[PDB]
$ cat data19.cif   # mmCIF, C-alpha atoms
data_structure
loop_
_atom_site.label_atom_id
_atom_site.label_comp_id
_atom_site.auth_asym_id
_atom_site.auth_seq_id
_atom_site.Cartn_x
_atom_site.Cartn_y
_atom_site.Cartn_z
CA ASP E 1 10.23 -11.80 9.45
CA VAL E 2 11.59 -9.27 6.85
CA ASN E 3 9.56 -8.78 3.60
CA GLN E 4 11.95 -7.58 0.81
CA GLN E 5 9.06 -6.75 -1.64
CA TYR E 6 7.66 -4.20 0.93
CA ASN E 7 11.19 -2.71 1.44
CA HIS E 8 11.63 -2.29 -2.40
CA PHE E 9 8.18 -0.53 -2.58
CA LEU E 10 9.15 1.80 0.35
CA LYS E 11 12.65 2.70 -1.04
CA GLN E 12 11.11 3.51 -4.50
CA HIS E 13 7.70 5.15 -3.75
CA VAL E 14 7.73 6.41 -0.08
CA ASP E 15 9.81 9.50 0.96
CA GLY E 16 8.12 12.10 3.27
CA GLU E 17 10.97 14.60 2.54
CA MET E 18 10.61 14.42 -1.32
CA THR E 19 10.17 17.78 -3.21
CA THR E 20 9.69 18.92 -6.89
CA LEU E 21 13.30 20.30 -6.99
CA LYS E 22 15.09 17.01 -6.00
CA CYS E 23 14.03 15.02 -9.16
CA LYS E 24 17.62 15.22 -10.60
CA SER E 25 19.26 13.46 -7.56
CA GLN E 26 16.37 11.03 -6.72
CA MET E 27 16.08 9.69 -10.34
CA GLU E 28 19.94 9.52 -10.66
CA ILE E 29 19.79 6.80 -7.90
CA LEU E 30 17.01 4.66 -9.57
CA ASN E 31 18.82 4.98 -13.00
CA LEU E 32 21.57 2.67 -11.51
CA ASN E 33 19.50 -0.18 -9.91
CA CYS E 34 16.48 6.13 -18.34
CA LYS E 35 13.20 5.77 -16.33
CA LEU E 36 10.25 7.67 -17.97
CA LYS E 37 8.49 8.47 -14.63
CA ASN E 38 8.55 7.66 -10.86
CA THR E 39 5.96 8.83 -8.23
CA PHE E 40 6.98 9.45 -4.55
CA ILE E 41 4.28 9.33 -1.78
CA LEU E 42 4.98 12.00 0.92
CA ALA E 43 3.99 10.00 4.08
CA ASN E 44 5.25 7.71 6.92
CA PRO E 45 5.40 3.97 6.08
CA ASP E 46 2.60 3.04 8.59
CA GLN E 47 0.12 5.48 6.85
CA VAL E 48 0.71 3.84 3.38
CA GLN E 49 0.56 0.30 4.93
CA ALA E 50 -2.89 1.20 6.41
CA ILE E 51 -4.22 1.13 2.76
CA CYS E 52 -3.95 -2.73 3.04
CA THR E 53 -5.42 -3.01 6.62
CA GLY E 54 -8.76 -1.08 6.44
CA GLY E 55 -7.90 2.37 4.94
CA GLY E 56 -8.34 1.00 1.36
CA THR E 57 -11.08 0.02 -1.18
CA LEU E 58 -10.70 -3.23 -3.24
CA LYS E 59 -10.39 -2.65 -7.05
CA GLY E 60 -9.51 -6.26 -8.14
CA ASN E 61 -6.40 -8.40 -8.94
CA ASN E 62 -4.99 -7.46 -5.45
CA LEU E 63 -5.20 -3.71 -6.41
CA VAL E 64 -6.43 -1.39 -3.56
CA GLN E 65 -7.34 2.37 -3.72
CA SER E 66 -6.70 4.67 -0.67
CA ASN E 67 -9.94 6.01 0.95
CA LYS E 68 -8.16 9.35 1.74
CA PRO E 69 -5.99 11.16 -0.86
CA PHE E 70 -2.17 11.56 -0.34
CA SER E 71 0.39 14.28 -1.38
CA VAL E 72 2.67 12.92 -4.20
CA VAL E 73 5.72 14.30 -6.15
CA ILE E 74 6.04 13.06 -9.80
CA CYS E 75 9.46 13.14 -11.60
CA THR E 76 8.91 12.98 -15.42
CA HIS E 77 11.57 12.42 -18.20
CA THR E 78 11.69 15.64 -20.37
CA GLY E 79 15.05 15.32 -22.26
CA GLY E 80 18.03 13.02 -23.04
CA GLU E 81 18.13 9.47 -24.56
CA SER E 82 20.46 7.78 -21.98
CA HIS E 83 22.42 8.76 -18.78
CA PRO E 84 24.19 10.92 -18.04
CA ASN E 85 22.18 13.23 -20.44
CA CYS E 86 18.66 12.51 -19.00
CA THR E 87 16.64 15.49 -17.57
CA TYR E 88 13.44 15.31 -15.44
CA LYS E 89 10.65 17.78 -14.46
CA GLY E 90 9.04 17.58 -10.97
CA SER E 91 5.26 18.17 -10.55
CA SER E 92 3.08 17.82 -7.36
CA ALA E 93 -0.52 16.46 -7.06
CA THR E 94 -2.85 15.50 -4.12
CA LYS E 95 -4.93 12.40 -5.12
CA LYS E 96 -5.98 8.87 -4.00
CA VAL E 97 -3.24 6.27 -4.88
CA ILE E 98 -3.81 2.67 -6.20
CA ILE E 99 -1.34 -0.04 -4.95
CA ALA E 100 -1.05 -3.88 -4.79
CA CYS E 101 -1.36 -5.50 -1.29
CA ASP E 102 0.06 -8.97 -0.40
CA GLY E 103 -1.49 -9.50 3.05
CA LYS E 104 -0.93 -6.32 5.17
CA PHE E 105 2.09 -5.35 2.95
CA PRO E 106 2.11 -2.93 -0.01
CA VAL E 107 4.33 -4.55 -2.74
CA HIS E 108 3.75 -2.30 -5.85
CA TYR E 109 2.55 1.19 -7.04
CA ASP E 110 -0.11 1.14 -9.86
CA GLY E 111 -0.75 4.94 -10.25
CA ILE E 112 -3.12 7.78 -9.08
CA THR E 113 -6.93 8.39 -9.32
CA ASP E 114 -8.94 11.59 -8.45
#

$ encode --input "data19.cif" --output "structure tokens"
Amino acid sequence: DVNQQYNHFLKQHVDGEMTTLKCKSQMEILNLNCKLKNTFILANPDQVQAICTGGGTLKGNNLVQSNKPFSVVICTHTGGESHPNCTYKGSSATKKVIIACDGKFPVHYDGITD
């Protein structure tokens, strides 16, 4: 029954324990599997999945915008050309997120609005 696209989305863009200060470690992981930016949604999986099952607003091309805003941490590339010399800055916003749904499963992050 497993969906591996939904897992990939979760492991990349959902971490309820993420904080501005942990951008060094978090990005160091992704830089193996330098990235310019990655956004982490601070929430439980079920809450982000709800965006595809009634808590969302259609935007087109299977893109859906959250009705409520979420708390997000953004890690942004500030220095270095290639690892291990890459340096990131962490910022924090509270906005509606836009994602791609395939059925009741989030399968991609498209960015923030509001």

$ atom_distance --input "data19.cif" --atom1 "CA of residue 64 in chain E" --atom2 "CA of residue 18 in chain E"
23.4 Å

$ axis_aligned_box --input "data19.cif" --around "range 75-78 of chain E" --padding-each-side "4 Å" --output "AutoDock Vina command-line options"
--center_x 10.3 --center_y 14.0 --center_z -16.0 --size_x 10.8 --size_y 11.2 --size_z 16.8

$ closest_residue --input "data19.cif" --among "E:107, E:23, E:98, E:58" --to "residue 37 in chain E" --atoms "only C-alpha atoms"
E:23

$ closest_residue --input "data19.cif" --among "E:35, E:59, E:89, E:104" --to "residue 76 in chain E" --atoms "only C-alpha atoms"
E:89

$ closest_residue --input "data19.cif" --among "E:17, E:53, E:27, E:99" --to "residue 71 in chain E" --atoms "all atoms listed in the file"
E:17

$ closest_residue --input "data19.cif" --among "E:57, E:85, E:62, E:77" --to "residue 97 in chain E" --atoms "all atoms listed in the file"
E:57

$ residues_around --input "data19.cif" --residues "residue 32 in chain E" --least-positions-apart "3" --cutoff "12 Å" --atoms "only C-alpha atoms" --output "tab-separated table (two decimals) with C-alpha atoms, in the frame of the given file"
chain	number	residue	atom	x	y	z
E	25	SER	CA	19.26	13.46	-7.56
E	26	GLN	CA	16.37	11.03	-6.72
E	27	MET	CA	16.08	9.69	-10.34
E	28	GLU	CA	19.94	9.52	-10.66
E	29	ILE	CA	19.79	6.80	-7.90
E	35	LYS	CA	13.20	5.77	-16.33
E	82	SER	CA	20.46	7.78	-21.98
E	83	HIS	CA	22.42	8.76	-18.78
E	84	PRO	CA	24.19	10.92	-18.04

$ atom_distance --input "data19.cif" --atom1 "CA of residue 101 in chain E" --atom2 "CA of residue 36 in chain E"
24.2 Å

$ closest_residue --input "data19.cif" --among "E:63, E:106, E:42, E:51" --to "residue 94 in chain E" --atoms "all atoms listed in the file"
E:42

$ resolve_selection --input "data19.cif" --expression "the PyMOL selection byres ((chain E and resi 74) around 6)" --output "number ranges by chain"
E: 39, 73, 75, 90-91
